[PDB]
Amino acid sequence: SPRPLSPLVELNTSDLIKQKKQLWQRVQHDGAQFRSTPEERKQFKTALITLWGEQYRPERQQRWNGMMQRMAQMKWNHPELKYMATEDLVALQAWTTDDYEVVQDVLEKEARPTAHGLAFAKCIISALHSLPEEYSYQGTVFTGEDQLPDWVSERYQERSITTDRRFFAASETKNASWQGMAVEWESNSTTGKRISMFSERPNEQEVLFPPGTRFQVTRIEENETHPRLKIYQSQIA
């Protein structure tokens, strides 16, 4: 337990694989009922602030404080969000920073997770399942990622359902700016959540799916050029 007036709490760094497996089972079991606990929200705060050691804690503390105040006001400006946990909303903004790298694949099989990443993941997932239904995007969303062809083959196959263990990001638009990544997706979304209201780059019109999302893969096109593989899939909501 922390000392009085401590900004931080202890992160459970022991048996990380068990923690990963336990969170993954919780994701599947709880579905859209998944919610972060008050203690998990404090662990996310510590995770973000301490992500890069004591040297960067003052800067990250200041960023944390600013995001908390922004999301507190977000609830005033957008009353439908009044019941969201403020730290859950902060997680959505944090996802759109470079910290995404510590959390995107943290529930993947054989991925070696950090305590920080697992703490990140709980609040993002909680945010995605507690956002009101008006934040769900119904339509086709577009993704590009830098992945190898074998990475695709392990996870996606024509005519079979993919149960995604990753955070899967996409966009409502297909801007020319990110043309030519190694892999592309065209995904029909039913409950993918629009996070442009929380992003550091709202013009990207990003949509985000949590681990546990299921996609029916309907076609995979192959090209010699990048994108080497283009995946057509539909969310099973």
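From 1 onward, residues are counted along the sequence shown.
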property: 18-26 or 214-222, whichever carries the higher mean Cα B-factor; result: 18-26
property: Which of 78-86 and 162-170 has higher mean CA B factor, as the PDB entry lists it; result: 78-86
property: C-alpha B-factor winner, where the candidates are 105, 133, 145, 99; result: 133
property: Residue with highest C-alpha B-factor in the PDB entry, from 64, 56, 44, 185; result: 56
property: Position of residue 93 among the chain's modelled residues by C-alpha B-factor, lowest, middle or highest third; result: lowest
property: Residue 126 - Cα temperature factor, lowest/middle/highest third of chain; result: lowest
property: Position of residue 33 among the chain's modelled residues by C-alpha B-factor, lowest, middle or highest third; result: highest
property: Residue 157 by Cα B-factor - lowest, middle or highest third of the modelled chain; result: highest
property: Assigned third (lowest, middle, highest) for the C-alpha B factor of residue 111; result: highest
